[PDB]
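Here the Cβ positions follow ideal geometry from the backbone for every residue, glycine too, while neighbour counts run over all protein chains shown. Quick note: the coordinates plus some simple rules give every number you see, no bench work behind them.
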Amino acid sequence: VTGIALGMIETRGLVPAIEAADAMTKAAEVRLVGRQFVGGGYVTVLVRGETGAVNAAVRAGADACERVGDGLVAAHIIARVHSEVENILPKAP
Amino acid sequence: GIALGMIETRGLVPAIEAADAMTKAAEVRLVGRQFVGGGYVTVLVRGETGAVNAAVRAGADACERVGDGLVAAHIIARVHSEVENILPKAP
Amino acid sequence: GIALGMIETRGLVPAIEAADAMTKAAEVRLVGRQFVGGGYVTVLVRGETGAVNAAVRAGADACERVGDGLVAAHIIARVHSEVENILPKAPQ
Amino acid sequence: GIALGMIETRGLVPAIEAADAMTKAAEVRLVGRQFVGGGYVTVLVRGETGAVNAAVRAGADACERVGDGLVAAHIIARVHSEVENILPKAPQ
Amino acid sequence: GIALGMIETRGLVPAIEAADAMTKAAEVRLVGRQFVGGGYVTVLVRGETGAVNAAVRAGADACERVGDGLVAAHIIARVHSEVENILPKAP
Amino acid sequence: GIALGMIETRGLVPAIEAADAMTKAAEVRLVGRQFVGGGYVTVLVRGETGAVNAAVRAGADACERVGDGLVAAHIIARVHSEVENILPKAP
Amino acid sequence: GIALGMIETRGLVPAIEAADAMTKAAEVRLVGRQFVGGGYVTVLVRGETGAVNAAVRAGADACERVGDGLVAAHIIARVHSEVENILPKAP
Amino acid sequence: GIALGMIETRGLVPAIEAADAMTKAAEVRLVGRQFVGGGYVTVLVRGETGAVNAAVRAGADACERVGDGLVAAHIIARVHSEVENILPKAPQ
Amino acid sequence: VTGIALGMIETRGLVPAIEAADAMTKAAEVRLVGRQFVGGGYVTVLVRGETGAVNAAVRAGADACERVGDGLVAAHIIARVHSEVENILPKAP
Amino acid sequence: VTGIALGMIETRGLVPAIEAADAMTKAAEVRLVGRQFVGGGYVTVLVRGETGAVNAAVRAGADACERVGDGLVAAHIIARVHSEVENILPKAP
Amino acid sequence: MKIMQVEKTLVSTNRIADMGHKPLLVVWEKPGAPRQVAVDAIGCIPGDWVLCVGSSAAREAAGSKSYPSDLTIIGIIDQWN
Amino acid sequence: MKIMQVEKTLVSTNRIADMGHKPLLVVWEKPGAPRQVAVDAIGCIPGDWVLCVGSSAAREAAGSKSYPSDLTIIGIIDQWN
Amino acid sequence: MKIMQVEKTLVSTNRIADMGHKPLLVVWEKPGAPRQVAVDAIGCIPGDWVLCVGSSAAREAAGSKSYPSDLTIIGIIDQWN
């Protein structure tokens, strides 16, 4: 898979985060590039790919994970990521 | 087995009880205990679909009252190959 | 020594008090003090079933008052072999 | 490049959005993403004063909506030399 | 200087602002920034009693509105030799 | 298969109907019919977890109205080795 | 696998969505799409009992709102040998 | 070209209008027009994910008014390999 | 007759469809390229020709067939038809 | 320090003016080019530097001096100063 | 108004929300002329000659008083060389 | 609309108050073309090709009925040469 | 928006009443470019590079919903060559 678009989903807990990651990867052709434990319960999953693929993946993941567990906190999409942000974005999980 | 079962609890005692009841109720394989942070603790198992379902049901019923309680209980029949990268193999 | 005793407290002072109370009450070995995060501290012990039960009861009763209080106090008389992989063996 | 820009958010998604917004808005260098703990994420930038001000304003405006929202958005036009010892220089 | 000044803030931005205003307002020495956990961040300084008092007052007045706010601001004129063991020397 | 499914009925006709519907609905193995005494009759099966679940659900739905009715319907995913001593092998 | 899962939908788009979600959620084998006539469309799968159950549940939850909606969702654990004559083998 | 777009309409005129609208809006290939029976007509397209999404949105918006209206408008970004056996490849 | 414009009329039943086709062909200079049985009672008639001719034909056909039988369902006009749609559009009846 | 931008703060009295000058010079990288006694109590402090630096300095100075003493009268910023105004603007204090 | 020829379809996934479902086409006066993107309110295959309106009228031609557009296709020329 | 490529970020400290917090980018059709400044409503790194709207539509694209802008970026082209 | 450089001050005594007290400056892209007059809402010495907005946005930038202007200066570029 190629592309630089980034899709983010933040959930309160690990079970909704895993569900969202699975839903995203099954719905679209994206890449799971990392899972982050923010602290305080927040867990963030990141996906990379084409813009439309990331759009479909993030929509499906938010819809799937909005109910399981404590719920869904945020679901954001970034078309082009600045080169500086790539330093803080993980490459592989 | 490929099916994934998981329970999140608000504490470590309910997580241990859930994992113990899970492994005793069904012949599944405990693959990891994760400290999410903020009090959440998660336990994960792998196995057949029916065994995972029975184990998760038993664990969610056994950890309901122990400790601060139960947060979530989920079952995935066939998880995507991408999620294996973030799923732990051993605890 | 196969039974496992568990006590969870909001803070480290009640956890220390509970661990001391259990260890003084019965002949058990303190195996682990775990910082769950968010204020939860868990103490684990191993021993014969009745001793672990008595120690857990005494520790819960003793450390209920001190600090933010109790969260859980649970005894397992037969830990599954697979579960043992996530149970610490030596305190840190 | 001496001015310092700061944005704090409840969660990592708004923090990433803010960092991207600032970096796209102005010519600044992202120096640090800090996990404060308890849900707070802080992003730091360095650059000329006006550029840092514009970047911070744009980032706050962009990332206010996403996630749990904003916590702080502050610009310092002259960081003291002693304070620099606690400011990270490269992101991790 | 031996006097110790400290401010706790609910976030890292108020802590940085407090430390910056402190060091600019008085000629004190910043000795450490500590992440307590749960959101609290602490900054510590050393110096003369009057300088530390002025610095802490300025920092508490400057971090009051920035971010989530101010938690505490304290001054110790002569800290016991035992507390040096837990007090950081450099950040 | 190791999973155990059982239904108790208040009579022998509902027990026969439950066992028949069970074995027809799922490919399980009927291992015994027990006269508890006082009218209760129990039927037991062994097999895979999913097959046992489907069989027990079908039997509990088929014996609900026939005869005096249904007493209980239970599924054990992995029964302990000790219970094999009291579990019959053949009827 | 022998278990049969089926969903009927009032349209072809909900049927495609149901089949897609089914095959992605569980490792089952899609065996046929049938145009009943009058708008009804049916999709059928074969596989293990647990996999078929998970697939059918996911498909019924995914096709609920898409299109005109969901008509029926059924699972047969062990279908009779006679029904194989009318069950399609490939779509 | 792996994403699949779907539109269902009550009648053949809205189906033709939808197919034309999608094909004009994006670079997609119309693969199938299916007579479901009972008045339902379904049109299928294949292409890159974003193009299929744009085409489906435009077609739904265009053909909502004409005829008896819309029934469904759904985009699948990743069709399973097994599902492909029931998807027509060439229109008739 | 030449042209690529397409005129569509959908009626519930065959009698209104035949009436609409006759009215269209008599009113304007168009080509009857097909009649389709959609299923469920819907019947569709298609005409090809110049844009203005198709406009007049479709207007007259809708006006004529709006009353006979179960009635008129849809009457749409397409100026230029995409090449892909020509695959599903019939050539001759 | 370079730049031609000018920052002005007017206070009623000398104590707020001194406080504002100190706050400006500590907050940003500017130059104190003069203090003027207008008459009637008004005192004006002038700073020079880059546009953004002057902006930050003036904001901080107004915020700091708005309370001490009689208070703050005016706080204005000028991006580019005309060459004629440089005659009346003092060079050094 | 302004006569242009449709070149190709243009798709932007990250377009703003209020742009709606309307499609976009790339239109130029002639091969080699500077290219512009116009909101399609009629439906045009590549190649044909269309009428393009600009300024505030294009917003209404798109469909709303406040549609974010500045060049909208309002019709297809019947005959044109 | 009008296809342009982002060149660099432009910052003006003395900009009027009602311009808000929105950023500004320098956009041109191609290297060497005349340069224009567009209000960024999407977020674009330098180099990519974006859709720029003008006239009264740009004010709404910025975010307000009365935003002082005349050229606003409304989306990023997916594929473009 | 549109980047221009201030050349000189322009004064018109017989200007219409509703133009208010706002000053006018002559702005061009570069020496030799066609000259345009822009209402000054910021205050710019000759020589510097400024941001000029046009169309209906310039009226608001001037200060009123109905100010008779079509090109208003909205800010001064910090750094520009």
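Counting other Cβ atoms within 10 Å of each Cβ, which GluC sites (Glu not before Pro) in the range E:1-83 have at most 10 and sit in a DSSP loop?
E:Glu82
Can you give me the distance in nm between label points at C:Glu84 and H:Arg65, each placed 7 Å from the Cα along the Cα-to-Cβ direction?
Label-label distance for C:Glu84 and H:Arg65, simple model: 7.5 nm.
Can you spot the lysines whose alpha carbon is less than 22 Å from C:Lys24's alpha carbon? Ignore those fewer than 8 places along the same chain.
By straight Cα distance, C:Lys24 reaches C:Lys89.
Averaged over its residues, how many other protein chain Cβ atoms are within 10 Å of peptide H:53-66's Cβ atoms?
That works out to 4 on average.
Can you give the relative contact order of the range G:1-85 as a percent, counting alpha carbon pairs under 8 Å and 6+ residues apart?
45
Please state the relative contact order of chain C as a whole percent: Cα pairs under 8 Å, 6+ residues apart?
That works out to 42 percent.
Just tell me which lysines come within less than 20 Å, Cα to Cα, of L:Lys65; anything on the same chain fewer than 8 places away is out.
In chain and number order, the partners are K:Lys65, L:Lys22, M:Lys65.
Using the Karplus equation 6.51 cos²θ - 1.76 cosθ + 1.60 (θ = phi - 60°), what ³J(HN,Hα) coupling, rounded to whole Hz, does each residue of the range H:59-72 give in order, writing x for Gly and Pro?
After applying 6.51 cos²θ - 1.76 cosθ + 1.60, I find x, 4, 4, 6, 8, 4, 6, 6, x, 6, x, 8, 10, 8 Hz.
Could you state the number of Å between the C-alpha centres of the range L:1-15 and the range J:14-35?
For the range J:14-35 versus the range L:1-15, the Cα centre distance is 35 Å.
Under 9 Å from the Cβ of B:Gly50, count the other residues' Cβ atoms, weight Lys and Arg +1, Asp and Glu -1, and hand me the total.
Once all neighbours under 9 Å are counted, the net charge is -3.
Summing +1 for each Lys or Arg and -1 for each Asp or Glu, what net charge is found among the other residues whose Cβ lies under 11 Å from the Cβ of G:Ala15?
My count for the surroundings of G:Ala15 gives -3.
Taking a label point 7 Å from Cα toward Cβ, how far is L:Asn81 from its twins in the other copies, in nm, shortest first?
Result, one decimal in nm: 3.1, 3.1.
List the residues whose amide H sits under 5 Å from the amide H of M:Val37, counting only those 5 or more places along or on another chain, with H placed 1.01 Å from N in the peptide plane.
Under 5 Å from the amide H of M:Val37 lie the amide H atoms of M:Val27, each far enough along the sequence or on another chain.
Zone of B:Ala90 (label point 7 Å along Cα→Cβ, backbone N under 13 Å): which residues in the range B:24-51?
Counting backbone N atoms under 13 Å from the label point, the list is B:31-32.
Going toward the positive end of the dipole of chain A, with +1 on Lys and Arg Cβ and -1 on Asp and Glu Cβ, which of A:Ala20, A:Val33, A:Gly7 do you reach last?
Ranked along the dipole, the leading option is A:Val33.
Please identify every one of the trypsin sites (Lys or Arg not before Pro) in the range J:6-93 that sits in a loop by DSSP and has no more than 11 other beta carbons within 10 Å of its own beta carbon. Before the final figure, lay out the partial values.
Values: sites: J:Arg12, J:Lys26, J:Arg31, J:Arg35, J:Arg48, J:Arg59, J:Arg67, J:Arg80, J:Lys91; in loops: J:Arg67, J:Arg80, J:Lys91.
When the trypsin sites (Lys or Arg not before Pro) of the range J:6-93 are filtered for loop state and at most 11 Cβ neighbours within 10 Å, J:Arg67, J:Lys91 remain.
How far is the Cα center of the range C:48-91 from the Cα center of the range H:25-91, in Å?
Spelled out, the Cα-based centre of one part sits 60 Å from the other.
What order do you get for B:55-63, D:53-61 when each peptide is scored by the mean count of other beta carbon atoms within 10 Å, highest first?
Packing order, densest peptide first, comes out as D:53-61, B:55-63.
Name the residues whose placed amide hydrogens come within less than 5 Å of the amide hydrogen of H:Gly47, ignoring near sequence neighbours (fewer than 5 apart) on the same chain.
H:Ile2, H:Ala3
Can you compute 3J(HN,Hα) from phi for each residue in the range K:65-81, using the Karplus curve 6.51 cos²θ - 1.76 cosθ + 1.60 with θ = phi - 60°, rounded to whole Hz and x for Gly and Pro?
4, 10, 7, x, 8, 10, 8, 10, 7, 10, x, 10, 5, 4, 10, 7, 9
Taking the Cα centre of the range E:1-85 as the origin, how large is its charge dipole in debye, to the nearest 20, when only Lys and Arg (+1) and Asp and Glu (-1) carry charge on their Cβ atoms?
Using Cβ point charges on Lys, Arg, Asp and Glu, the range E:1-85 gives about 40 debye.
Between beta-carbons, use under 12 Å as the cut-off and find the net charge around C:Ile76, counting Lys and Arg +1, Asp and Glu -1. Please report the intermediate quantities before stating the final value.
On the way: positive: B:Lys24, C:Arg46, C:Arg78; negative: B:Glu17, B:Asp20, C:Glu84.
Residues near C:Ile76 contribute 0 overall.
Peptide C:7-14: average number of partner chain Cβ atoms within 10 Å per residue?
On the way: counts 1, 10, 0, 3, 0, 0, 0, 0.
Mean shielding count: 2.
Spelling out what I want: for every residue of the range H:6-11, take phi, set θ = phi - 60°, compute 6.51 cos²θ - 1.76 cosθ + 1.60 (Karplus), and round to whole Hz; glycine and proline get x.
For the range H:6-11, the Karplus curve yields 9, 9, 10, 9, 8, x Hz.
Using a Förster radius of 30 Å, what is the FRET efficiency between M:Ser64 and J:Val85 based on their Cβ-Cβ separation? Nearest 0.05, please.
0.60
What order do you get for D:63-71, F:31-39 when each peptide is scored by the mean count of other beta carbon atoms within 10 Å, highest first?
Details: D:63-71: 19.9, F:31-39: 12.3.
Per-residue Cβ counts within 10 Å, averaged per peptide and sorted highest first, yield D:63-71, F:31-39.
Mind checking which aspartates and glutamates have their Cα closer than 16 Å to the Cα of I:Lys26? Skip sequence neighbours fewer than 8 apart in that chain.
Of all the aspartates and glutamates, those that pass the test against I:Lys26 - Cα under 16 Å, at least 8 places apart if same chain - are I:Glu50, I:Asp63.
For B:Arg29 paired with G:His74, estimate the spin-label separation in nm (one decimal), with each label point 7 Å from Cα along the Cα-to-Cβ line.
Those two pseudo-labels are separated by 3.8 nm.
If each DSSP helix of 4+ residues adds -39,500 (n - 2.57) and the sum is divided by the residues in the protein assembly as shown, what number results at 222 nm, nearest 500 deg cm²/dmol?
That comes out to -8500 deg cm²/dmol.
Please work out the C-alpha center-to-center distance from the range G:32-90 to the range L:51-81 and express it in whole Å.
Going from one Cα centre to the other spans 49 Å.
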